[PDB]
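So this block is model_22.cif, mmCIF, C-alpha atoms and all ligand atoms:
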```cif
data_data
#
loop_
_atom_site.label_atom_id
_atom_site.label_comp_id
_atom_site.auth_asym_id
_atom_site.auth_seq_id
_atom_site.Cartn_x
_atom_site.Cartn_y
_atom_site.Cartn_z
CA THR A 1 1.64 -18.67 -1.13
CA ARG A 2 -0.03 -16.21 1.25
CA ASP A 3 3.24 -15.40 3.12
CA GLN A 4 4.29 -11.73 2.70
CA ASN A 5 6.75 -11.25 5.64
CA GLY A 6 10.06 -9.46 5.00
CA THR A 7 12.09 -6.36 4.13
CA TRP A 8 11.16 -5.70 0.49
CA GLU A 9 13.01 -3.40 -1.93
CA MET A 10 11.25 -1.83 -4.87
CA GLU A 11 12.23 -3.14 -8.38
CA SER A 12 9.64 -1.48 -10.65
CA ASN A 13 6.82 1.05 -10.16
CA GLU A 14 4.29 1.42 -13.00
CA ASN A 15 1.85 4.36 -12.83
CA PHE A 16 2.46 5.58 -9.15
CA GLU A 17 1.82 9.08 -10.40
CA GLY A 18 -1.66 8.10 -11.63
CA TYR A 19 -2.67 6.58 -8.30
CA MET A 20 -1.38 9.49 -6.07
CA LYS A 21 -3.14 12.00 -8.25
CA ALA A 22 -6.44 10.14 -7.74
CA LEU A 23 -5.95 10.64 -3.91
CA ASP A 24 -5.28 14.42 -4.15
CA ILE A 25 -1.81 14.29 -2.62
CA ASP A 26 -0.15 17.67 -3.23
CA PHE A 27 1.98 18.01 -6.36
CA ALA A 28 5.11 18.89 -4.35
CA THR A 29 4.96 15.67 -2.40
CA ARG A 30 4.19 13.62 -5.56
CA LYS A 31 7.21 14.83 -7.55
CA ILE A 32 9.61 13.79 -4.80
CA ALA A 33 7.79 10.54 -4.02
CA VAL A 34 7.84 9.01 -7.57
CA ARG A 35 11.67 9.08 -7.69
CA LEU A 36 12.25 7.41 -4.35
CA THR A 37 13.09 3.79 -3.72
CA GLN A 38 10.89 2.42 -0.95
CA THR A 39 11.81 -0.07 1.72
CA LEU A 40 8.72 -1.91 2.93
CA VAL A 41 8.90 -3.72 6.30
CA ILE A 42 6.04 -6.12 6.94
CA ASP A 43 5.51 -7.80 10.30
CA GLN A 44 2.75 -10.46 9.84
CA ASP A 45 1.70 -12.64 12.75
CA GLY A 46 -1.47 -14.58 12.03
CA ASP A 47 -4.05 -11.89 11.33
CA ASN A 48 -2.07 -9.01 12.94
CA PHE A 49 -0.05 -6.83 10.61
CA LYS A 50 2.30 -3.94 11.38
CA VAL A 51 3.40 -2.26 8.16
CA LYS A 52 6.09 0.43 7.89
CA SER A 53 7.20 1.98 4.63
CA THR A 54 10.10 4.41 4.67
CA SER A 55 11.98 6.58 2.23
CA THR A 56 14.47 9.44 2.59
CA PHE A 57 11.71 11.93 3.43
CA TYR A 58 8.42 10.12 4.14
CA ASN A 59 6.99 7.68 6.66
CA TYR A 60 3.86 5.51 6.44
CA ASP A 61 2.83 3.41 9.46
CA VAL A 62 -0.33 1.37 9.89
CA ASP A 63 -1.37 -1.48 12.21
CA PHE A 64 -4.41 -3.73 11.37
CA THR A 65 -6.06 -7.11 12.04
CA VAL A 66 -7.37 -9.16 9.00
CA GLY A 67 -11.20 -9.40 9.01
CA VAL A 68 -11.61 -6.61 11.63
CA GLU A 69 -13.02 -3.22 10.62
CA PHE A 70 -11.10 -0.20 11.92
CA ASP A 71 -11.39 3.58 11.84
CA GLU A 72 -8.46 5.22 10.10
CA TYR A 73 -7.28 8.80 10.19
CA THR A 74 -4.87 8.89 7.24
CA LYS A 75 -2.66 11.47 9.01
CA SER A 76 0.34 11.88 6.73
CA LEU A 77 -1.26 10.94 3.42
CA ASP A 78 -4.57 12.68 2.56
CA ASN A 79 -5.88 13.37 6.10
CA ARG A 80 -9.25 11.60 5.73
CA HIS A 81 -11.40 9.27 7.81
CA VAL A 82 -12.11 5.85 6.26
CA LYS A 83 -13.53 2.55 7.46
CA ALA A 84 -10.94 -0.06 6.39
CA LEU A 85 -11.23 -3.90 5.89
CA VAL A 86 -8.51 -6.40 4.74
CA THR A 87 -9.37 -10.03 3.49
CA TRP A 88 -8.16 -13.05 1.28
CA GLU A 89 -9.26 -14.21 -2.29
CA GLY A 90 -7.37 -17.38 -3.11
CA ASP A 91 -3.75 -16.29 -2.67
CA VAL A 92 -4.42 -12.55 -3.14
CA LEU A 93 -4.63 -10.13 -0.10
CA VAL A 94 -7.37 -7.57 -0.77
CA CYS A 95 -7.99 -4.22 1.10
CA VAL A 96 -11.14 -2.14 0.65
CA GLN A 97 -11.13 1.37 2.16
CA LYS A 98 -14.79 2.54 2.30
CA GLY A 99 -15.28 6.28 2.15
CA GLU A 100 -15.32 9.12 -0.34
CA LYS A 101 -13.07 7.59 -3.03
CA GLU A 102 -14.43 4.74 -5.20
CA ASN A 103 -12.55 1.52 -6.00
CA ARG A 104 -10.14 2.55 -3.16
CA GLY A 105 -7.84 -0.13 -1.80
CA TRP A 106 -5.09 -2.50 -2.83
CA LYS A 107 -4.11 -6.11 -3.68
CA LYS A 108 -0.87 -7.93 -2.82
CA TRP A 109 0.28 -11.36 -4.20
CA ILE A 110 3.35 -13.50 -4.99
CA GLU A 111 4.47 -15.09 -8.28
CA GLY A 112 7.84 -16.80 -8.19
CA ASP A 113 10.35 -14.64 -6.33
CA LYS A 114 8.50 -11.33 -6.54
CA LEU A 115 5.83 -9.44 -4.61
CA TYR A 116 3.17 -7.65 -6.61
CA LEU A 117 1.32 -4.67 -5.17
CA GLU A 118 -1.62 -3.33 -7.16
CA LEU A 119 -2.83 -0.01 -5.71
CA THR A 120 -6.21 1.25 -6.95
CA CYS A 121 -8.18 4.47 -6.70
CA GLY A 122 -10.89 5.34 -9.22
CA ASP A 123 -10.04 4.12 -12.72
CA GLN A 124 -6.26 3.99 -12.03
CA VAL A 125 -4.08 0.94 -11.48
CA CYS A 126 -0.48 1.21 -10.11
CA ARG A 127 1.61 -1.95 -10.36
CA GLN A 128 4.67 -2.24 -8.10
CA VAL A 129 7.04 -5.24 -8.10
CA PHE A 130 9.38 -5.80 -5.14
CA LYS A 131 12.16 -8.36 -4.62
CA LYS A 132 13.34 -9.56 -1.23
CA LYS A 133 16.39 -7.77 0.17
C1 LIG B 1 0.01 -2.61 1.65
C2 LIG B 1 1.03 -1.57 1.47
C3 LIG B 1 0.64 -0.29 1.30
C4 LIG B 1 -0.80 0.10 1.27
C5 LIG B 1 1.65 0.79 1.13
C6 LIG B 1 3.04 0.74 1.06
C7 LIG B 1 3.62 2.00 0.89
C8 LIG B 1 2.69 3.04 0.82
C9 LIG B 1 2.88 4.51 0.65
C10 LIG B 1 4.17 5.01 0.66
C11 LIG B 1 4.40 6.37 0.50
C12 LIG B 1 3.33 7.24 0.34
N1 LIG B 1 3.57 8.61 0.18
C13 LIG B 1 2.46 9.54 -0.01
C14 LIG B 1 4.94 9.10 0.24
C15 LIG B 1 2.03 6.73 0.32
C16 LIG B 1 1.80 5.37 0.48
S1 LIG B 1 1.08 2.42 0.98
#
```
Could you quickly redo this structure as structure tokens?
Amino acid sequence: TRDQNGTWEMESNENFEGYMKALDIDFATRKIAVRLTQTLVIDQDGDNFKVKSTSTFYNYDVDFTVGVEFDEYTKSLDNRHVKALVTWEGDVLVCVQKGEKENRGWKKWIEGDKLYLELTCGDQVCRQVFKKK
């Protein structure tokens, strides 16, 4: 399946530290962030996505259209400008963020009753598994 709608609660988080470090997020933010359960709210209508992740102390909001390039100012994260593009490979959703960092982006897919998120930056791979609320 390609359907990723829902409110998703984090079950496991393998190597989040490794990924955040590759982005140059400040240590103080990293230490707090690795302990926190995330609630991911995905609103997917055709090719239009509105994604909100929230925790006790941090917000992450982004709106995008699949197959349409867009200029991003990553305000709350690392404060950079990137040219972003999101597409499909079989049943895997693939984002490439073109800019300074290499291999920057992510992949999301389903196997059984879980959502896999693979976040990449450089030579690091973070694997997160979520289950539906
Ligand atoms: C496709 C889903 C993506 C890219 C994300 C979901 C949560 C994200 C996130 C949460 C929190 C932080 N910090 C720095 C607290 C960064 C990213 S990205």
- Query: What residues have any atom no more than 6 Å from ligand LIG 1 (chain B) when counting all atoms listed in the file, and can you list them as a list in words?
  - Reply: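 Protein and nucleic-acid residues within 6 Å of ligand LIG 1 (chain B): residues 33, 53, 58, 60 and 77 of chain A.
In this model, the gap between CA of residue 74 (chain A) and CA of residue 12 (chain A) comes to 25.3 Å.
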If we count only C-alpha atoms and set the cut-off at 12 Å, which residues sit around residue 72 (chain A), ignoring sequence neighbours fewer than 6 positions away in its own chain? Please answer as a CSV table (one decimal) with C-alpha atoms, keeping the file's coordinate frame.
```csv
chain,number,residue,atom,x,y,z
A,61,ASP,CA,2.8,3.4,9.5
A,62,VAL,CA,-0.3,1.4,9.9
A,63,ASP,CA,-1.4,-1.5,12.2
A,64,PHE,CA,-4.4,-3.7,11.4
A,78,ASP,CA,-4.6,12.7,2.6
A,79,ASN,CA,-5.9,13.4,6.1
A,80,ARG,CA,-9.2,11.6,5.7
A,81,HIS,CA,-11.4,9.3,7.8
A,82,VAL,CA,-12.1,5.8,6.3
A,83,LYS,CA,-13.5,2.6,7.5
A,84,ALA,CA,-10.9,-0.1,6.4
A,85,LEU,CA,-11.2,-3.9,5.9
A,97,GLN,CA,-11.1,1.4,2.2
A,98,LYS,CA,-14.8,2.5,2.3
A,99,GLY,CA,-15.3,6.3,2.2
```
- Pairwise distance for CA of residue 93 (chain A) and CA of residue 2 (chain A), rounded to one decimal in Å: 7.7 Å
- Message: Give me, as a PyMOL selection string, all polymer residues having an atom no more than 7 Å from residue 48 (chain A), counting all atoms listed in the file and skipping those fewer than 2 positions away in the same chain.
- Response: chain A and resi 44-46+50+64-66
If we draw a sphere of 12 Å around (-5.0, 5.3, -7.1), which residues have at least one atom in it when counting only C-alpha atoms? Please report them as a short mmCIF file (atom, residue, chain, number, x, y, z; two decimals) with C-alpha atoms, in the coordinates of the input.
```cif
data_model
loop_
_atom_site.label_atom_id
_atom_site.label_comp_id
_atom_site.auth_asym_id
_atom_site.auth_seq_id
_atom_site.Cartn_x
_atom_site.Cartn_y
_atom_site.Cartn_z
CA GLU A 14 4.29 1.42 -13.00
CA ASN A 15 1.85 4.36 -12.83
CA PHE A 16 2.46 5.58 -9.15
CA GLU A 17 1.82 9.08 -10.40
CA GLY A 18 -1.66 8.10 -11.63
CA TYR A 19 -2.67 6.58 -8.30
CA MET A 20 -1.38 9.49 -6.07
CA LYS A 21 -3.14 12.00 -8.25
CA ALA A 22 -6.44 10.14 -7.74
CA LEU A 23 -5.95 10.64 -3.91
CA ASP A 24 -5.28 14.42 -4.15
CA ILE A 25 -1.81 14.29 -2.62
CA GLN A 97 -11.13 1.37 2.16
CA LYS A 101 -13.07 7.59 -3.03
CA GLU A 102 -14.43 4.74 -5.20
CA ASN A 103 -12.55 1.52 -6.00
CA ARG A 104 -10.14 2.55 -3.16
CA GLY A 105 -7.84 -0.13 -1.80
CA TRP A 106 -5.09 -2.50 -2.83
CA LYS A 107 -4.11 -6.11 -3.68
CA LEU A 117 1.32 -4.67 -5.17
CA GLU A 118 -1.62 -3.33 -7.16
CA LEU A 119 -2.83 -0.01 -5.71
CA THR A 120 -6.21 1.25 -6.95
CA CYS A 121 -8.18 4.47 -6.70
CA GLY A 122 -10.89 5.34 -9.22
CA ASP A 123 -10.04 4.12 -12.72
CA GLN A 124 -6.26 3.99 -12.03
CA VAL A 125 -4.08 0.94 -11.48
CA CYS A 126 -0.48 1.21 -10.11
CA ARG A 127 1.61 -1.95 -10.36
#
```
- Rounded to one decimal place, report the CA of residue 41 (chain A)-CA of residue 57 (chain A) distance in Å.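 Answer for the CA of residue 41 (chain A) to CA of residue 57 (chain A) separation: 16.2 Å.
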- Exercise: residue 8 (chain A) partners within 10 Å, all atoms listed in the file, chain neighbours under 6 positions left out, as an NGL selection string: :A and (38-42 or 53 or 114-115 or 129-133)
- Using only C-alpha atoms, which residue out of A:92, A:32, A:86, A:110 lies closest to residue 56 (chain A)? A:32
- Note on the structure: If you count only C-alpha atoms, the residue of A:54, A:6, A:43, A:108 closest to residue 87 (chain A) turns out to be A:108
- Have a look at A:27, A:116, A:109, A:49 and name the one nearest to residue 67 (chain A); count all atoms listed in the file. A:49
Starting from the block above, write region 58-92 of chain A out to a file with N, CA, C and O atoms, as a short mmCIF file (atom, residue, chain, number, x, y, z; two decimals), in the first residue's frame, please.
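Saved result, result17.cif, follows:
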```cif
data_model
loop_
_atom_site.label_atom_id
_atom_site.label_comp_id
_atom_site.auth_asym_id
_atom_site.auth_seq_id
_atom_site.Cartn_x
_atom_site.Cartn_y
_atom_site.Cartn_z
N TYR A 58 8.83 20.73 20.74
CA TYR A 58 9.15 21.09 19.35
C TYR A 58 7.99 20.87 18.41
O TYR A 58 7.17 19.97 18.61
N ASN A 59 7.96 21.72 17.38
CA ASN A 59 7.02 21.67 16.28
C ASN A 59 7.76 21.49 14.95
O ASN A 59 8.86 22.02 14.78
N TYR A 60 7.16 20.77 14.01
CA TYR A 60 7.68 20.69 12.64
C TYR A 60 6.50 20.66 11.70
O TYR A 60 5.75 19.70 11.70
N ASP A 61 6.30 21.74 10.93
CA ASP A 61 5.22 21.80 9.94
C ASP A 61 5.75 21.99 8.54
O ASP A 61 6.59 22.85 8.30
N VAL A 62 5.24 21.20 7.60
CA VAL A 62 5.56 21.39 6.19
C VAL A 62 4.38 20.98 5.32
O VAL A 62 3.68 20.00 5.61
N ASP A 63 4.12 21.79 4.29
CA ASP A 63 3.12 21.50 3.26
C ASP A 63 3.82 21.30 1.89
O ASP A 63 4.68 22.11 1.52
N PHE A 64 3.47 20.23 1.17
CA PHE A 64 4.06 20.00 -0.18
C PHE A 64 3.10 19.27 -1.13
O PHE A 64 2.15 18.62 -0.68
N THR A 65 3.38 19.37 -2.43
CA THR A 65 2.67 18.63 -3.47
C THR A 65 3.62 17.63 -4.17
O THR A 65 4.68 18.04 -4.66
N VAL A 66 3.26 16.34 -4.22
CA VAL A 66 4.11 15.30 -4.85
C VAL A 66 4.43 15.62 -6.32
O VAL A 66 3.53 15.99 -7.09
N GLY A 67 5.70 15.54 -6.71
CA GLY A 67 6.09 15.85 -8.08
C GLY A 67 6.26 17.34 -8.40
O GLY A 67 6.54 17.67 -9.55
N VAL A 68 6.08 18.22 -7.41
CA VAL A 68 6.27 19.67 -7.61
C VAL A 68 7.44 20.22 -6.78
O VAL A 68 7.39 20.18 -5.52
N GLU A 69 8.46 20.76 -7.44
CA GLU A 69 9.58 21.33 -6.71
C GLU A 69 9.16 22.55 -5.88
O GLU A 69 8.29 23.33 -6.28
N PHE A 70 9.75 22.72 -4.70
CA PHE A 70 9.41 23.89 -3.88
C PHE A 70 10.61 24.36 -3.09
O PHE A 70 11.49 23.57 -2.73
N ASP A 71 10.67 25.67 -2.87
CA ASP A 71 11.75 26.29 -2.11
C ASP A 71 11.40 26.23 -0.64
O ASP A 71 10.32 26.65 -0.23
N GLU A 72 12.31 25.68 0.15
CA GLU A 72 12.10 25.50 1.57
C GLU A 72 13.07 26.36 2.35
O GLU A 72 14.24 26.44 2.00
N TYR A 73 12.56 27.01 3.38
CA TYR A 73 13.40 27.64 4.39
C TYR A 73 13.18 26.84 5.67
O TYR A 73 12.16 27.01 6.33
N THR A 74 14.12 25.96 6.01
CA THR A 74 13.93 25.04 7.14
C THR A 74 14.05 25.77 8.48
O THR A 74 14.94 25.48 9.29
N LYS A 75 13.11 26.69 8.70
CA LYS A 75 13.06 27.61 9.84
C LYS A 75 13.55 27.06 11.18
O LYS A 75 14.55 27.51 11.72
N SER A 76 12.81 26.09 11.71
CA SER A 76 13.02 25.62 13.07
C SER A 76 14.10 24.55 13.20
O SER A 76 14.57 24.26 14.30
N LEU A 77 14.50 23.96 12.07
CA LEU A 77 15.42 22.83 12.11
C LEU A 77 16.87 23.30 11.98
O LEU A 77 17.52 23.56 12.99
N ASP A 78 17.39 23.43 10.75
CA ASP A 78 18.76 23.90 10.56
C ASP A 78 18.86 25.24 9.81
O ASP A 78 19.97 25.66 9.47
N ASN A 79 17.73 25.90 9.58
CA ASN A 79 17.70 27.24 8.97
C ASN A 79 18.45 27.36 7.64
O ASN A 79 19.24 28.28 7.44
N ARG A 80 18.20 26.42 6.72
CA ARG A 80 18.81 26.45 5.40
C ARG A 80 17.77 26.59 4.29
O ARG A 80 16.57 26.39 4.53
N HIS A 81 18.24 26.93 3.10
CA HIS A 81 17.42 26.90 1.90
C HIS A 81 17.72 25.65 1.07
O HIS A 81 18.87 25.39 0.72
N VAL A 82 16.69 24.88 0.76
CA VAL A 82 16.84 23.69 -0.09
C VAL A 82 15.79 23.71 -1.16
O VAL A 82 14.79 24.42 -1.04
N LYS A 83 16.04 22.98 -2.24
CA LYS A 83 15.04 22.74 -3.28
C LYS A 83 14.55 21.30 -3.14
O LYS A 83 15.32 20.34 -3.37
N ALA A 84 13.32 21.13 -2.67
CA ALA A 84 12.80 19.80 -2.29
C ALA A 84 11.93 19.19 -3.39
O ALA A 84 11.27 19.95 -4.13
N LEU A 85 11.93 17.84 -3.48
CA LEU A 85 11.11 17.04 -4.43
C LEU A 85 10.71 15.64 -3.85
O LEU A 85 11.58 14.83 -3.43
N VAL A 86 9.41 15.36 -3.78
CA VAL A 86 8.90 14.08 -3.25
C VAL A 86 8.24 13.23 -4.35
O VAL A 86 7.38 13.76 -5.04
N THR A 87 8.68 11.96 -4.56
CA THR A 87 8.11 10.98 -5.54
C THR A 87 7.93 9.49 -5.06
O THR A 87 8.37 9.13 -3.96
N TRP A 88 7.30 8.63 -5.88
CA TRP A 88 7.11 7.18 -5.60
C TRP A 88 8.05 6.16 -6.35
O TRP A 88 8.24 6.27 -7.58
N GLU A 89 8.58 5.16 -5.62
CA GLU A 89 9.27 3.98 -6.20
C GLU A 89 8.62 2.65 -5.76
O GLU A 89 8.88 2.14 -4.66
N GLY A 90 7.77 2.08 -6.61
CA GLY A 90 6.94 0.99 -6.14
C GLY A 90 6.07 1.53 -5.02
O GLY A 90 5.41 2.55 -5.19
N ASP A 91 6.08 0.88 -3.86
CA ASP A 91 5.27 1.36 -2.74
C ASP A 91 6.06 2.16 -1.69
O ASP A 91 5.63 2.28 -0.53
N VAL A 92 7.20 2.71 -2.09
CA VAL A 92 8.03 3.51 -1.19
C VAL A 92 7.98 5.01 -1.59
O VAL A 92 8.18 5.32 -2.78
#
```
